[PDB]
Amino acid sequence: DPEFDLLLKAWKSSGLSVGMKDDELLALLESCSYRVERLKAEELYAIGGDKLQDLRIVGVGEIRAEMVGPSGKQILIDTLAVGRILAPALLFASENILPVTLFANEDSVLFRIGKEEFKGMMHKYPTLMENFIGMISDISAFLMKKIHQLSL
């Protein structure tokens, strides 16, 4: 599959794959299903709080993303190349979901894996689990450091 190959390069590029030999990777992903989101270069997209409860990974291209506060204040800008995960820390969140806006610097593709299926994928492969938990852990640690910077 060509499209599957893309996903694979993306995951290899992603942080989620660290510590996995190729067999594990392929094991993980062949028996896994996903929809595809296409993003036409230089158009804008908003993704609200509840449509953010899916794993999304940049498979193709590059997008610019930023959370927006409860006031419209735009925080945490980022450029996400191939392999980055969109808003990973909010996948499994219940309260306080700021929405996010995306700008396509090029034509771009996000692979979208559903929340419940991903929940299983992590259960089947503990390395995947440690990786995803570490990912959102580091994000947290960072936010904590940026909160120091913005205090008195």
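For every residue, the number given is its place in the sequence shown, counted from 1.
**Q** For the C-alpha atoms alone, is the average B factor greater in 121-129 or in 41-49, going by the entry?
**A** In the deposited entry, the stretch with the higher C-alpha B-factor mean is 41-49.
**Q** Output the stretch having the higher mean C-alpha B factor in the entry; the candidates are 98-106 and 83-91.
**A** In the deposited entry, the stretch with the higher C-alpha B-factor mean is 98-106.
**Q** Would you mind checking where the Cα B-factor of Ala65 ranks among the modelled residues of its chain, as the lowest, middle or highest third?
**A** Middle third.
**Q** Is the Cα B-factor recorded for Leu150 in the lowest, middle or highest third of its chain?
**A** Middle third.
**Q** Can you tell me which third, lowest, middle or highest, the CA B-factor of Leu29 falls into for its chain?
**A** Its C-alpha B-factor belongs to the middle third of this chain's values.
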